[PDB]
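Visitor: Please find one structure pasted underneath; my questions will follow.
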Amino acid sequence: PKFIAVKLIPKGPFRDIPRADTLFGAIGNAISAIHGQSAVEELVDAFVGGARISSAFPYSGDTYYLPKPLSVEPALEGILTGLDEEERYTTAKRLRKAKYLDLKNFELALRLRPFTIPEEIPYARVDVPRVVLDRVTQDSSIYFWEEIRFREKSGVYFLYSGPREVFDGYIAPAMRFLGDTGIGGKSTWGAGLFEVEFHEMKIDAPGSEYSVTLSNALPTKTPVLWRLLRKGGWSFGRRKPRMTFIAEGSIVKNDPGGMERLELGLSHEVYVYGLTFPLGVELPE
Amino acid sequence: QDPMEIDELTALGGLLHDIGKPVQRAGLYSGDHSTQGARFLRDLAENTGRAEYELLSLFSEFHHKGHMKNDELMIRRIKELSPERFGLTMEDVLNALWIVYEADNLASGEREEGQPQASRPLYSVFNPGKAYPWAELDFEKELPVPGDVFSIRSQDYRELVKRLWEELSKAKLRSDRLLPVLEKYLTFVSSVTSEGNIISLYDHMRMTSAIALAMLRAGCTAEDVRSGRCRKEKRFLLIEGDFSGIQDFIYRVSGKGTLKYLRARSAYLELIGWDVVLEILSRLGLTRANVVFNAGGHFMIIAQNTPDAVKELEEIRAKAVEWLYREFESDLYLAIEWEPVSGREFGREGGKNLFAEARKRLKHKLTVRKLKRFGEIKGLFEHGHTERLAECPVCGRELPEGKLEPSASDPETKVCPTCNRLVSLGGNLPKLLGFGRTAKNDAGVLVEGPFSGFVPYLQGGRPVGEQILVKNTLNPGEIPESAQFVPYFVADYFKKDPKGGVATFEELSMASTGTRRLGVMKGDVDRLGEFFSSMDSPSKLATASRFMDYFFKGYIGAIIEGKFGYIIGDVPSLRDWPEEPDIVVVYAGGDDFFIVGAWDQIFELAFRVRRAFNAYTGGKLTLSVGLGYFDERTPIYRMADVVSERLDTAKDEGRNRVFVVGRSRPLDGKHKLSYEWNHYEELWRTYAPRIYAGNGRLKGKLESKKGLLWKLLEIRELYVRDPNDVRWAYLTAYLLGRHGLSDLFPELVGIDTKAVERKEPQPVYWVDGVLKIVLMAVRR
Amino acid sequence: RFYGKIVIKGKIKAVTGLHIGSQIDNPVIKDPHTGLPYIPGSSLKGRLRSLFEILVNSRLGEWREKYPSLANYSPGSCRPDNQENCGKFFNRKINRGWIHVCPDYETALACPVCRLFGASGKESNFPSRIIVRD
Ligand SMILES: [Zn+2]
Ligand SMILES: [Zn+2]
């Protein structure tokens, strides 16, 4: 359907490409700073009974990328029946270990029709060494640090499916606050800062029972095909426990996900996002 | 007298039903291979040894249709023997002669070769036009290279029977004790003397005894062999297991955690796999001949298809997954499937490879199971938030707080229990002959698997356990008789420190010529899944997966020790090859190998291995290798992450190509970062002996030109900003001009019309990989 | 608690030739894609913190009244005795060097260095107030 694409245009490096739960954490910290704690209680109720966001995905000059569905691994041989058998093998494993697809090839994978992978990835994970100096006797003691560096026009976007009144009051003021603070990572070195633009993107998805998630979900029942993403977090200097999420591109059958509340012994409850973002998919046989 | 049971007779009878071939190959008895092998075993009963060899001669005497179409001569032969001496019934011993006879056909296509070739050798499984000489399987004194000599003189065949005569005399008559005897001596012996036979005799007997044991466990009798319902009914069952998440299991650990510790996470992954393989074999009642291969977390077992076996396999898979989830939280997972097959499913029928069709059905069930990673848990997505959960600093385990012991090295750090067990293993590895598999609640259990616990069998200690896993040898020594000898191989080369242990990342970053950097190589064998799908019979899969495993388990350690240099010739080197290289082999599976060490010897080992891999095969299989050069005090999950991103960069392009050094390139799509193997050795024979003399020293009259060779890479970066000869063609002629040396690199000054006509890059673009390696070696 | 963000934008001019270095034998830090150099946010924040900690090390007696957390510090480093925070200004040891980092929220709230640049601490933290972009 029609989604709102929040385009995040980088001012520097990112620590990571932010998952859906560290965007909802960053949005939730932005609302209590701007409005207060009573507006976070309404932000959560608008996503429980309503709107849903996704993980962050890369783009490269108006070429939006989307995760590869997990439906195309069982039936990969069935997709490539019309191909020369001397090169079906190298085409298969190159297509299988790919991570992202653009909008032309993401639509063709939901209907189990043939497709191609991108040739270039719009970012690189870079190992930058830093140093720690003694103030008096300047002894160098290095450590190693990871960053995501983007190309000249590339960046990060995420999707939003919900009512316009909630987007105009909660998500749109949060992304102007989060442009000046960070979006996860060493934000004191200028990492995570970005300029925000708003667009509209359309995905042509088939109608079925089975659907792929474009976000981490924390499923309420057993999924159909999935990839376990095991992450925790950190909330105001308190360590969050590692929860078993589902990855982007995993396949559920009528599963909303569910928003987990962790006591965490903090002034206020900590909600971890965990909700689906379904687009219909055709499974193999 | 001796009480002998029926499955000991079928598993051993199929294991030596073709002992008359090597004996028949020699001229000692001058008779039919069954006639010679019957008299070879009856003469072995007469000599000091067991009484059962008179009973086991029957399998070698009557194992063809021309020998078994009597049905009256068979019975009166058993009456001259006595199964009552061994507790066997008349009906029990007659069944096993038909089980072994029928399994000898499912082992390989039943094609009659009429007169056997006087002495044709074993042709190579990789390149079937070439052939192997007969040699001892020892992993010293020779690399098996398929050559051009196509006939075996009948002298070493007579020396084969002599050396096999006393090895069978000393070993006790059980299944686990005859398999290492027959593997050392009958590996490079062809089974059927013909042209283009690529089945080894050991793997043909190992798979007859596998199928015959799996037929008796299922319960097919003698009249089910004469009639059908053994080849028309699903009786067998291919088990296949696979470990998912190995590179995330070994190579996750932090800046804490030594190489000594990182090397023992690989020894512990090998023991988790053997704990699941040996548990299936014990509960289903099978022997180790059933295990088709076990290489790098991927095993295959030929077993029976009974409702009692499916009930056991469903519980072994269950109990192994609830152990792995509790111990390693969703970082390592074992996927076990089983596809029921039949006798027609082995071999070829109707011009179709029905065995590879039955394996693509099985490989598809592994792929679906890997997309459901812990579905058999029932609490996998349910959450429990008991407080005080702390985290290990070495690996990323999340424990309950309080279960973190103080470590051995630094008592200020608090680590998990299984990183205290694996640092004591890392000090005990240089004096370690193997592991004893015993109960988990036992004294001295140092590491535990999902089913059994393992005690380290030290260099000068006594072994304890119901079955011992002996490392890198096919000789059982100083173990008890009933200790169930399981031999396993591992690539275990490591540079030793002034102590006896494993050298650190400091001592490998030292002793490298030039700069001090750590070299990390990672590679695999390309299109290897296609090559295993060419196999018709399961005896061809037995040969193809075992010669493939011995290059990386057994013959990669001799490549490091400077052996086999006549076949390898001259490779790109920076120094003369030492007697004890500072090279640490971390992991080396069927088609994978991760090796760390000094960067100038990681570089030379990359070409020494590929040039020897080319000789081991017939040129039909190749190697992609990614190379890396790192700071020492870099976390090992990050060294492994970069070279894994370089090994697949060198794989999607042309797949027979090495990734030597980092490279800046243009974005025009005609420029690939990674050299072909024949390309980079040609640039080394061309460009390197002009400017470089070895051992960190430049060539004579090119001393004090250290600044000269960085200019040629500054000229080379003008090509990267903009190709099509903006400025670089005459600036090369200017800097070669003002120094008086123009024999240095004549291909760089004038534009190559041969390069423009094929849209390939200029010869100034490919000289980055030859200069930048020499600039690091002559840094200081 | 939040009120706004004072943003300072300016041009940094290299009057003499600049080196930062990443490890031509000593290459400066560059972008991985375009190949251009820059100045990291870590180098500029870490130099401004280092220059200002030596400024505060010289004025611990005169700034006790304005910044009450500087009464707990004597000028010097804890390097002559391999011991954590006890009296000296350069109290925190990271790996091999000694840095002023306040150990709590309530102490870093009244330090001139750590209310601005931040503090790690144990059982509590103090995040920075400045962001030094690349
Ligand atoms: Zn640990
Ligand atoms: Zn302070």
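Residue numbers (our numbering), protein chains in the order written: chain A, -3 to 281; chain B, 267 to 1046; chain C, 9 to 142. Positions of the beta carbon are idealized from the N, C-alpha and C atoms, including for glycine.
Using the C-alpha atoms, what's the distance from residue 47 of chain C back to residue 21 of chain C?
Guide: 11 Å
Visitor: Determine, for residue 865 of chain B, whether the minimum Cβ-Cβ distance to residues of chain C falls below 8 Å.
Guide: For residue 865 of chain B, the nearest beta carbon of chain C is not closer than 8 Å to its own beta carbon.
Visitor: Using alpha carbons as the reference points, say which of B:807, B:600, B:314 lies closest to residue 613 of chain B.
Guide: Selected option, being the one with the closest Cα: B:807.
Visitor: Is residue 239 of chain A close to chain B, meaning its C-beta is less than 8 Å from at least one C-beta of that chain?
Guide: yes
Visitor: In angstroms with no decimal places, state the Cα-to-Cα distance between residue 914 of chain B and residue 414 of chain B.
Guide: Looking at the two C-alpha atoms, the distance is approximately 35 Å.
Visitor: Shorter than 8 Å from the beta carbon of residue 328 of chain A to some beta carbon of chain B?
Guide: Any answer about residue 328 of chain A is impossible in this case: the structure gives chain A only from -3 up to 281.
Visitor: Shorter than 7 Å, the distance from the beta carbon of residue 82 of chain C to the closest heavy atom of ligand 2, or not?
Guide: no
Visitor: For residue 712 of chain B and residue 394 of chain B, I'd like the C-alpha separation in whole angstroms.
Guide: 46 Å
Visitor: Mapping the DSSP letters down to three states, classify residue 684 of chain B as helix, strand or coil.
Guide: In this structure, residue 684 of chain B counts as helix in the three-state DSSP scheme.
Visitor: Using the beta carbon as the reference atom, which residues fall closer than 6 Å to any heavy atom of ligand 1, ordered along the chain?
Guide: B:658, B:660, B:661, B:663, B:681, B:682, B:685
Visitor: What is the C-beta distance between residue 882 of chain B and residue 409 of chain B, in whole angstroms, given that I count them as a contact (C-beta under 8 Å)?
Guide: 7 Å
Visitor: How about residue 89 of chain A and residue 64 of chain A: are their beta carbons less than 8 Å apart?
Guide: no
Visitor: Residue 267 of chain B by DSSP, collapsed to three states: which one?
Guide: Here DSSP, grouped into helix, strand and coil, assigns residue 267 of chain B to coil.
Visitor: For residue 827 of chain B and residue 820 of chain B, what's the separation of their Cα atoms in angstroms?
Guide: 12 Å
Visitor: Nearest to residue 734 of chain B by CA position, among B:703, B:353, B:832, B:510, is which residue?
Guide: B:703
Visitor: Along the segment 26 to 59 of chain C, what residues have a CB closer than 9 Å to any CB found in chain B?
Guide: Of all residues in the segment 26 to 59 of chain C, 31, 32, 33, 43 have a Cβ within less than 9 Å of some Cβ in chain B.
Visitor: Just the C-alpha distance for residue 995 of chain B and residue 928 of chain B, rounded to the nearest angstrom, thanks.
Guide: The straight-line gap from Cα to Cα measures roughly 24 Å.
Visitor: Residue 781 of chain B by DSSP, collapsed to three states: which one?
Guide: coil
Visitor: Let me make sure I understand the geometry here. Which of B:355, B:556, B:683 has the alpha-carbon closest to that of residue 506 of chain B?
Guide: B:556
Visitor: Measuring alpha carbon to alpha carbon, tell me which of B:271, B:296, B:369 ends up nearest residue 321 of chain B.
Guide: B:271
Visitor: Which residue from A:173, A:137, A:216 puts its Cα closest to that of residue 103 of chain C?
Guide: A:137
Visitor: Can you give the Cα-Cα distance for residue 548 of chain B and residue 579 of chain B, rounded to whole angstroms?
Guide: Residue 548 of chain B and residue 579 of chain B: Cα-Cα distance of roughly 11 Å.
Visitor: Have a look at B:708, B:598, B:924, B:324 and flag the residue whose alpha-carbon is nearest the alpha-carbon of residue 662 of chain B.
Guide: Comparing Cα positions, the closest option is B:598.
Visitor: Would you mind reading off the limits of the alpha helix (DSSP H) that contains residue 173 of chain A?
Guide: Bounds of the alpha helix (DSSP H) holding residue 173 of chain A are 168 to 176.
Visitor: Taking residue 209 of chain A as part of the beta strand (DSSP E), name the residues at either end of that continuous run.
Guide: 206 to 209
Visitor: Going by DSSP, which residues form a beta bridge with residue 892 of chain B?
Guide: B:788, B:925
Visitor: I'd like the span of the beta strand (DSSP E) that includes residue 800 of chain B, first residue to last.
Guide: Premise fails: residue 800 of chain B is in no beta strand (DSSP E) and is neither H nor E.
Visitor: At a Cβ threshold of 8 Å, is residue 123 of chain A touching chain B?
Guide: Answer yes: the Cβ-Cβ gap between residue 123 of chain A and chain B drops below 8 Å somewhere.
Visitor: Looking only at its own chain, which residues have a Cβ that is under 6 Å from the Cβ of residue 758 of chain B, when we skip the five neighbours before and after it?
Guide: none
Visitor: Residue 775 of chain B versus chain A: which residues are under 9 Å apart at the beta carbon?
Guide: None at all; the shortest Cβ gap to chain A is about 14 Å.
Visitor: Would you mind listing the beta strand (DSSP E) stretches within the segment 522 to 596 of chain B that are 3+ residues and don't spill past its ends, in chain order?
Guide: Listed in chain order, they are 557 to 560, 564 to 570.
Visitor: Is residue 85 of chain A close to chain B, meaning its C-beta is less than 8 Å from at least one C-beta of that chain?
Guide: yes
Visitor: Determine the DSSP secondary structure at residue 152 of chain A, reduced to helix, strand or coil.
Guide: Residue state, collapsed to three classes: strand.
Visitor: Candidates B:746, B:306, B:325: which alpha carbon is nearest residue 281 of chain B's?
Guide: B:325
Visitor: Find out if the Cβ-Cβ distance for the pair residue 144 of chain A, residue 9 of chain A is shorter than 8 Å.
Guide: Residue 9 of chain A sits close to residue 144 of chain A, with the two beta carbons spaced by under 8 Å.
Visitor: Less than 8 Å between the beta carbons of residue 49 of chain A and residue 155 of chain A, yes or no?
Guide: Between residue 49 of chain A and residue 155 of chain A, the CB-CB gap stays under 8 Å.
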